[PDB]
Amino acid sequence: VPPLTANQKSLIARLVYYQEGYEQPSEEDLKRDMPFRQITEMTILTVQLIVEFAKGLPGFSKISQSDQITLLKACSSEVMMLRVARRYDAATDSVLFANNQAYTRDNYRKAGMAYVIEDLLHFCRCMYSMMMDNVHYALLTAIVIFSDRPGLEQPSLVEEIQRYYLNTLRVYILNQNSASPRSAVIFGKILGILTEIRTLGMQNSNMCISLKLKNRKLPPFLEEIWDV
């Protein structure tokens, strides 16, 4: 039942703290057709912090230049679901992203993406049921950044990094559960998300692609990141 090293302990620390800062719900909102622009603008800012969070991370600089930018194109769309999903209020059954007109069953419905919000929320209940910590979630986000993408220069690198994180979340949930066996299950259900985050991430790209050839105003930033 080894407790976290000092470097592990210190790592969990650097991340919880260094996450609240990029508290997705951003205030920089200064916006001084269908409101598809709200959903859309928001996303932009959001993706923007994510890319920044994706940096101060005890790994990145190590990875190459152009190699890393691969990690963000993939990592970003998925990791955004995580931040929106972290907000799902049980009481009302909806995402309360500073409940801006951001993403709600309404706007989404008005902007003709009816079927989508439905799916987002499913994965929202799903994630809300595991009761993750703040460490769970942090570490989780990182393990997604360094998740192995197609076309990585030295995937062997991104893989020893991501494993560092991966071991901390294990040792963490281990002590947190005082060596009982449940731990593996807890740990399991977490990696278990990583696989569902991929469907949603891709269900996404196929969405840009649909709005793109149905003539729509998708910002040269999104089209960039999650290219179409």
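Each residue number is its position in the shown sequence, starting from 1.
Missing deposited residues between residue 32 and residue 33: 10 or more, all without coordinates in the entry. Stretch comparison (217-225 versus 3-11) by mean CA B-factor in the PDB entry places 217-225 on top. Of the two segments, 191-199 and 40-48, the one listed with the higher mean B-factor is 40-48 (C-alpha atoms only). For the set 135, 120, 144, 98, the maximum C-alpha B-factor listed in the entry falls on 98.
For residue 73, the recorded CA B-factor ranks within the middle third of the chain. Only modelled residues enter the ranking. Annotation for residue 105: CA B-factor lies in the highest third of the chain's modelled residues. In the deposited entry, the Cα temperature factor of residue 26 places it in the highest third of its chain's modelled residues.
In the deposited entry, the Cα temperature factor of residue 157 sits in the middle third of values across the chain's modelled residues.
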